[PDB]
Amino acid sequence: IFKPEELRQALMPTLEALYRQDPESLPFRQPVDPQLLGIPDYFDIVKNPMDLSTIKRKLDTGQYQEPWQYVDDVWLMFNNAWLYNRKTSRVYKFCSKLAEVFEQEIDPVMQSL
């Protein structure tokens, strides 16, 4: 029961808050490229990759029709990083801050929707 443009306007500020965390968004702004990074094991562990640029493109092109599909992609992003990376790593620690930021902000948006 959502217009494509009202859903986008509602959820976009939540994505921007993730993207604007500096430095914590930096490992998440682009899809992981195992070839470029030289980590051939990546897609053996992460079957369904996700990142902030992919989420933005989906929010911009009507690929979310209910709020929970957007929320699922954000958690797929967090959970991929928490599965592949060491708990002490920059990526894991940065993921944990992005999740805090998401949690602290997503509740009213989902209430208003």
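From 1 onward, residues are counted along the sequence shown. C-alpha atoms forming the largest set that superposes within 1.5 Å between two forms make up the rigid core.
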Report task. Return whichever of 52 to 60 or 32 to 40 has the larger RMS Cα deviation from the displayed form in 7 other deposited structures of this protein, where every structure is aligned on the rigid core. Result -> 32 to 40
Query raised in the report: Which is higher in the entry, the mean Cα B factor of 36 to 44 or that of 23 to 31?
Result: 36 to 44
Report summary line: Of 100 to 108 and 14 to 22, the stretch with the higher mean C-alpha B-factor in the deposited entry is 100 to 108
**Report entry** Given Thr54, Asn79, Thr88, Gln65, the residue at which the Cα B factor reaches its maximum
**Finding:** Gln65
